[PDB]
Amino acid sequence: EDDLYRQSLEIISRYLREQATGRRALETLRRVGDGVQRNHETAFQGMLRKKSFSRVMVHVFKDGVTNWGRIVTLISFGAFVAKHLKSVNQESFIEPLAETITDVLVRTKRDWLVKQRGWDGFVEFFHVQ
C-alpha cells in the first residue's frame, strides 16, 4: 500500500544486488552512483571501516537540507558497502542493508520525496549527462 516505499525498495534492492553479485530510475542510479563511488573511493573505504548506518544516514540530513545529491550518495555508499559484503562472502546482509536504506529514506524524507515527485524527480534532476 505504500507504493512509494515499494518502488524505492525495488530500485535500491536491485541496485545493491546488481552492484554486489523504474527501469529509467535504475539506469540513472547506476550511472550517477558509479561516478560517486569512483570519485570517492578512498572516503568510502574510510567510512566502511567504522544498523547505525541508519543514524549516520539521518545525521547527513540534520542541518535540515535534503537534495538528490545527498540521496544518491547515500545509496551509492550502500552499493559500495554491498560490493564489500559480496567480497567477504556476507551477501546475506545485502537485503537487510537495502531494506534499511529504504526505510530511513522513506521514513524520514517521505514529504520531501512526494514534493519532488518521487523517482520521477530523481530521473529529471540527473537527466543532463
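Numbering starts at 1 and follows the sequence shown.
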- Message: Our gap detector needs a label for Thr108 to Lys109. Which class matches the unmodelled residues of the deposited sequence there: none, 1 to 3, 4 to 9, or 10 or more?
- Response: none
- Gap size between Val60 and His59, counted in deposited residues that the entry leaves unmodelled: none
- Message: If you take the mean CA temperature factor per stretch, which one wins between 115 to 123 and 12 to 20?
- Response: 12 to 20
- Please work out which of 26 to 34 and 40 to 48 has the higher mean CA B-factor as recorded in the PDB entry. 40 to 48
- Could you say which of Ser54, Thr66, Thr73, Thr102 has its CA atom at the highest B factor, as listed in the PDB entry? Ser54
- Could you look up the Cα B-factor of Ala79 in the entry and say which third of the chain it sits in: lowest, middle or highest? lowest
